[PDB]
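**Q** My sequence and its experimental structure, below.
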Amino acid sequence: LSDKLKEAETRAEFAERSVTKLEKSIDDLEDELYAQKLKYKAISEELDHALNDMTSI
Amino acid sequence: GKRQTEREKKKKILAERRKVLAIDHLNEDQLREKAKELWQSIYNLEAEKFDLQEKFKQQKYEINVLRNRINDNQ
Amino acid sequence: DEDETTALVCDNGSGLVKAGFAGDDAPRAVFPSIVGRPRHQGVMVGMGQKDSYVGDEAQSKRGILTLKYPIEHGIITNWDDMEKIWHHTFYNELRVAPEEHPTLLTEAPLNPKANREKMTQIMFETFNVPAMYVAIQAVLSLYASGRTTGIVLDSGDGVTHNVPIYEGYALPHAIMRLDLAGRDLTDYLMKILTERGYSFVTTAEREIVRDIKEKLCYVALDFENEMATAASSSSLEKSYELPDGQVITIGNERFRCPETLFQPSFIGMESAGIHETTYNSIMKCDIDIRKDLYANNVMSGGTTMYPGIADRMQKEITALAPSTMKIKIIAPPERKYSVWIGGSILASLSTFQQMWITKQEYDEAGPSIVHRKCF
Amino acid sequence: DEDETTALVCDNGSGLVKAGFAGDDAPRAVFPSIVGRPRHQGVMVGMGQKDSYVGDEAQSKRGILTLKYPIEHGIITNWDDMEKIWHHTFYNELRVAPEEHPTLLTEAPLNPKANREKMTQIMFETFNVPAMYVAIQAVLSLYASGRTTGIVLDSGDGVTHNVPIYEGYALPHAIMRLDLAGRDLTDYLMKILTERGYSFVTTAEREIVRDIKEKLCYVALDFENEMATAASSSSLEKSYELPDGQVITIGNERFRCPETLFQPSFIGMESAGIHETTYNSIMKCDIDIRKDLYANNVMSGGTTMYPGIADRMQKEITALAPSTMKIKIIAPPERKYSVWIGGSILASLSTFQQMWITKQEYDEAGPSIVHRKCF
Amino acid sequence: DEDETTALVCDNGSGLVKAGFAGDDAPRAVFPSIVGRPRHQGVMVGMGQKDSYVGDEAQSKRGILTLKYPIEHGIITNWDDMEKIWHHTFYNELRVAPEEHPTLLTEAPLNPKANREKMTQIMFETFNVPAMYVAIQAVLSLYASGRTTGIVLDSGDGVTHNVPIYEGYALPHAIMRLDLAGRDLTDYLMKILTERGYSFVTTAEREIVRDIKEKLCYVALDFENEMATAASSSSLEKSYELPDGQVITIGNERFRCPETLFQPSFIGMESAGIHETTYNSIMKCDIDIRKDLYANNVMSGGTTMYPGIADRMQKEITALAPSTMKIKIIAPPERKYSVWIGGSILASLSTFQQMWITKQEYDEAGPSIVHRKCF
Ligand SMILES: Nc1ncnc2c1ncn2[C@@H]1O[C@H](COP(=O)(O)OP(=O)(O)O)[C@@H](O)[C@H]1O
Ligand SMILES: Nc1ncnc2c1ncn2[C@@H]1O[C@H](COP(=O)(O)OP(=O)(O)O)[C@@H](O)[C@H]1O
Ligand SMILES: Nc1ncnc2c1ncn2[C@@H]1O[C@H](COP(=O)(O)OP(=O)(O)O)[C@@H](O)[C@H]1O
Ligand SMILES: [Mg+2]
Ligand SMILES: [Mg+2]
Ligand SMILES: [Mg+2]
């Protein structure tokens, strides 16, 4: 039973480290995705102003 | 590890003699006489120190004397 | 025991021999690559006169037997140990003779010609084998991964191979082998533990600390920050219980042991870390496929069983390469056996049954010609 | 030491720096292009605090100093190494300051603009030099050859330039540079020797095997036939004695090392061999002068010191071109220094003394305008 | 007694403490590293109540005092013995306080961190010392040798260190310590003398036989041949006269005692002999400098005072290494004190006077930071 308990402790230590790394990676990927979305919408606003002046021609 | 504790005890031995002082329950006149007892403690302390100093000097002469004996019967 | 005439897949990887029949999903006979030699001479009567232990028989007794590694950095040192480990695997575990089925062996990339000719000669002349075949590990690992693109990083015990394969295409010019792996990490942990205070200088303890590393040692996500926060340790240091009972206390050393891979300067070698060498290899490839190599990088080897390698690789590559593209790193579960698994799925094809090398053609051609035929 | 106000000819060729005063027939200060950095940090007291070795001082100690190449393929990687090698050549060997005589430097064909502007700026702003001049190597080599017609093949250490000049006329459109030279040959020999069995992965051994190649490696007159006759070797394989004493045995590999030049496919590059690229360059020229280019082809570069290049070139060109005309290939003795020799005979003319670029006009014009003035 | 404000060089080597002022050529206070402790309790009145003897005071009386070794294999066992030996050296022989001059101590390579922090704390907190410095023995020995290249073999009493230094460059990765030295040789001689017939099991006799070994025991030039010719002894066996008067007769055992160094199997350890370990260390170094390490090998330690070590080393290395180069072994006279001598010449430099560690910075930083500053 001591061997089994030590095996379980290592298994969960591994799974918990995996949990923390996956959560950190998820947070980072969300940050990247929505920053990129913001950049896309910003260049969209640039196109909006550009078309407005082009109509102003 | 006990030697580190020995140095810690050296500081702890200096620490033991000092105790918290309370100036809130005392009035104007009593504090003065209490200051005087603190002063006498100071006096007392230096006296013993002085003694030690003089003894130290004496002891050093002893050492010197002792050394000569081993240099005369070798 | 076996009713199918199929090749025996025997992965003789450095540190662990994994043998089993083709078609299986995992090796049945898994034992370390070690040979135990009787050190002294006993006047006792009745014990086994066997002069050469192997495998679990040697692992069970490491205090009496001087331990010798049958493979070093990749180059085969002693051939008697080779004959011992194959003869043992054949006539002690599998309970089958090699005279009835083929044998698909797996060798490391960029190995000496003497090694290949020697093993082939022992497998043809001495043992009567109908057919042999040498295969590189990286291809079989990519097979088991279920893809055709990516750079396989195989970190065994004494050698580390980086092999790029894009669209099912090998690149023999870019394969660069570097002898940094589990043995140099065991040596680094041993010298730093000797620095801690517990000094040992025998191989049995070395194997014990190797097992301790396999069980506990992990990779750090930020080396210097972990050093600072471990200066005042609380939960960062762990107290391990030796199988003998002696209470060992190991703190930061864990996540500083594999760090030697990222900083070879610790062992005073001008070689670059595994990540930097892989990055340089990517520059050596063409630009067109570099993004695909970034998106399909695969890992192999037992050394990759440590927790925290994927994240460390991602941060290091992101710091080295631009951060505009997408650089996903994929590590298939049970990657260590994946190589062997590949062997199994490679031995069931009829075409592969047509690509074997029989005895007669080898005998007339000779071993060197056989080397030309394979590549 | 010098009583004549003449430019210092300093050929900074890739792999070997050759510096000397104008008028001489050979460079006095010849040292490899390498920079040795202290790898570790010593607690020792008294040794030179110098943090940057160079030249023979680095060659004498290659085990302690990590070696970095100051030039790669042609593009200058680090400028600190540039300042180090010139400052060393000025204040350690020649024992003369650049503030008293000009300096005729030689640069490779088709080099980056950043390289030229950088070296010119270090030679004008930092060091006080009365006048600078950049010159292409091919023209000076053709000068030293004593002709005005032919195609110069300059094979340095990391780059190979084919430059056609007919009747003294340069062709900046046909100059094609290809980064195949001595370093890629050293890498090929290293990987094939690792295939033989002796594996190394450090730069000091790389330089040692480079020297071994320079001394022994030659070009084959018939690759496949030599392969067949070397299969059963007797006098074809030679046993070399390493300067350390280890007995190395090298057979066919020698005459298969430079063969990579003729078959770039060995390094997995779509580029064509040096002979085929030269042949294509000849087609790119006009037909009228093609025969003259066939009859006046000249070679340059240290890599051409191998025995058997002239015959191999003759057979390959005869197999590619018709065999009706006459295709004589001329290689002047001591061709490697010939370039530098040219510099010497180019710095003694009064007209060339009138074609220098003084500080003031460069300062007002700026470096870019200086680039326009030269070409 | 001392009119110069210079550091006291106190080499606390295992087995013999050698203390003296800087500038001298030999230690004035030389005494064994032993602590004699009152075993019984006496009802007598008038004798010294001192509860802890040290040095010659303990050597003069070994029958009453149980002897304890203050150092074992390198790791400090008891710190009270440390405080005893320094306090004794300060206030019984040198007749000088540590509050007036620095102190340059010498420690063994690859020692525990606890040892260093402990000695530094006893030298700063308890004793008021203006400045401390820890130094490795190998560097000072190479200094006293008057060179900058070679591999120092320091064989003390309970530990043996092989330290390669080429062109004044330490190699902390190659330093390998092995606990085979004079104590294990004394134990081997004791058990083989017990096998001869004279059995003893007390430490005083152990020290006596240690002295007998130091005086008589030598190294053999050919072990098996000496065994054969000693089978019929005549002049090969010698009759020694014990200081007590008992007539001891010792024959071949002499030149078989240090042989255990060359064959650790005698003590049932898988470790390799000192010569084979040094040879392996040489392979671990780079090839370029290996010849220089062969030509500049230096020895240190009291154990090297036996006659016949140089020749044995030469034959063993010649049998192991090739016999084409030149392998000269140099042993400077009075090598044992050379280390200490180095200390003296190291404490007279003004720069070294600038590399000391004062109390205040250590107190704020703490001992661990001090460890980082030194290395
Ligand atoms: N379960 C494990 N956990 C951690 N490390 C391991 C494990 N199994 C093997 N290793 C390490 O991997 C190395 C051996 O790998 P190897 O068996 O050669 O991989 P492969 O068989 O994929 O080539 C050894 O250095 C060992 O320390
Ligand atoms: N004596 C020699 N024998 C063979 N090869 C040489 C020799 N000297 C130089 N080389 C090769 O030439 C290259 C360097 O040529 P380099 O000095 O740039 O020629 P150049 O100075 O004419 O431009 C290196 O790769 C080196 O291997
Ligand atoms: N004069 C001598 N002759 C033979 N052996 C000696 C002598 N002096 C010391 N030794 C041996 O050397 C060991 C102690 O060496 P040590 O004093 O530590 O050398 P170092 O001071 O150079 O480190 C002991 O085992 C002792 O047996
Ligand atoms: Mg592996
Ligand atoms: Mg050239
Ligand atoms: Mg010693």
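**A** Yep, it's here. Numbers count the residues shown, from 1 in each chain, chains lettered A, B, ... in the order given. Ligands and ions are numbered 1, 2, ... in the order given.

**Q** only C-alpha atoms for contact and neighbour calcs from this point on.
**A** Will do.

**Q** For ligand 4, see how far away the spatially closest residue to residue C:16 that is not a sequence neighbour is.
**A** Leaving aside its chain neighbours, residue C:16 sits nearest to residue C:32 (4.1 Å; criterion: Cα to Cα, 6 or more residues apart in numbering or on different chains). For residue C:32, the distance to ligand 4 equals 13 Å [Cα to the ion, to the nearest Å].

**Q** Quick check: phi and psi at residue C:32.
**A** phi -70, psi 160 (degrees, to the nearest 10).

**Q** hey, where'd the helices end up in chain B?
**A** Listed in chain order, the helices of chain B (DSSP state H) span B:2-17, B:28-70.

**Q** Any chance of those in CSV with mean neighbour count and distance to ligand 3 as columns?
**A** Below are the helices of chain B laid out as CSV (neighbours: other Cα atoms under 10 Å in any protein chain shown; distance: least, Cα to the nearest ligand atom, whole Å):
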stretch, mean neighbour count, distance to ligand 3
helix B:2-17, 12, 26
helix B:28-70, 11, 30
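
**Q** quick one, which of the ones you listed is nearest to ligand 5?
**A** Relative to ligand 5, the nearest member of those by Cα to the ion is helix B:2-17, separated by 70.0 Å.

**Q** Contacts for the closest one, please.
**A** Counting contacts by Cα atoms under 8 Å, 6 or more residues apart in numbering or on different chains, the residues outside helix B:2-17 that touch it are E:125, E:126.

**Q** try stretch C:11-22
**A** C:6-10, C:26-34, C:71, C:74, C:89, C:94, C:105-108, C:156-158, C:340, C:343-345, C:347-348.

**Q** So is that stretch next to ligand 1?
**A** Yes: using Cα under 6 Å from any ligand atom, stretch C:11-22 reaches ligand 1 at C:13, C:14, C:15, C:16.

**Q** of those, closest to chain D?
**A** For chain D, the nearest member of the residues of stretch C:11-22 next to ligand 1 is residue C:14. The distance, counting by Cα to the nearest Cα, is 17.5 Å.

**Q** Run a quick neighbour tally on the closest one.
**A** Residue crowding around residue C:14 was assessed by other Cα atoms under 10 Å in any protein chain shown; the count is 24.

**Q** Next, find the distance separating it from residue D:168.
**A** Relative to residue D:168, residue C:14 is positioned 63 Å away (Cα to Cα, to the nearest Å).

**Q** swap in residue C:323?
**A** Counting by Cα to Cα, the gap from residue C:323 to residue D:168 is 51 Å.

**Q** Looking at these two, which is more packed in?
**A** When residue C:323 and residue D:168 are compared for neighbours, residue D:168 comes out ahead with 14 against 11, by other Cα under 10 Å.

**Q** Now for that one: which residues touch it?
**A** Taking Cα under 8 Å, 6+ apart as the criterion, residue D:168 is in contact with D:148, D:149.

**Q** what about it, distance to residue D:142?
**A** As judged by Cα to Cα, residue D:168 and residue D:142 stand 9 Å apart.

**Q** and what of residue C:34?
**A** Counting by Cα to Cα - residue C:34 and residue D:142 are separated by 65 Å.

**Q** and the closest residue to chain A within the stretch 251-375 of chain C, what does it touch?
**A** Using Cα to the nearest Cα, the closest approach of the stretch 251-375 of chain C to chain A is made by residue C:307 at 6.5 Å. Residue C:307 sits next to A:14, A:17, A:18, C:218, C:219 when contact means Cα under 8 Å, 6+ apart.

**Q** How about residue C:163?
**A** Contact partners of residue C:163, counting by Cα under 8 Å, 6+ apart, are C:138, C:151, C:152, C:153, C:170, C:171, C:174, C:175, C:176.

**Q** nearest residue to the fifth one other than its sequence neighbours?
**A** The shortest distance from residue C:170 to any residue that is not its chain neighbour, by Cα to Cα, 6+ apart, is 6.8 Å, and that residue is residue C:164.

**Q** Could you check how far residue A:31 is from residue A:42?
**A** 16 Å.

**Q** For the residue nearest the centre of chain C, which non-adjacent residue is closest in space?
**A** With distances taken as Cα atoms, centre = their mean, residue C:156 lies nearest the centre of chain C, 2.7 Å away. Of all residues not flanking residue C:156 in the chain, residue C:301 sits nearest, at 5.0 Å (Cα to Cα, 6+ apart).

**Q** What is the nearest of the contacts of residue C:163 to residue E:120?
**A** Proximity of the contacts of residue C:163 to residue E:120 (Cα to Cα) peaks at residue C:153, which lies at 46.3 Å.

**Q** Enumerate every residue touching that closest one.
**A** C:160, C:161, C:162, C:163, C:297, C:298, C:299, C:300, C:301.

**Q** The fourth one belongs to a strand, doesn't it?
**A** Yes: the assignment for residue C:163 (DSSP: H, G, I helix; E, B strand; the rest coil) places it in a strand.

**Q** quick one, what contacts whichever residue of chain C sits closest to chain D?
**A** The nearest approach of chain C to chain D comes at residue C:112, 4.7 Å away (Cα to the nearest Cα). Taking Cα under 8 Å, 6+ apart, we find residue C:112 in contact with C:75, D:194, D:195, D:196, D:197.

**Q** For PyMOL, what selects the buried ones among those?
**A** In PyMOL, a selection of the buried entries from the contacts of residue C:112 looks like this (16 or more other Cα atoms under 10 Å in any protein chain shown):
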select buried, (chain C and resi 75) or (chain D and resi 194+196+197)
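
**Q** before we move on, back to that, roughly how far does the residue nearest to residue C:16 sit from residue B:39?
**A** Per Cα to Cα, residue C:32 is found 80 Å from residue B:39.

**Q** what do you get for residue C:261?
**A** The gap separating residue C:261 from residue B:39 is 68 Å, by Cα to Cα.

**Q** Now do the end-to-end distance for stretch B:10-27.
**A** End-to-end for stretch B:10-27, by Cα to Cα: 36 Å.
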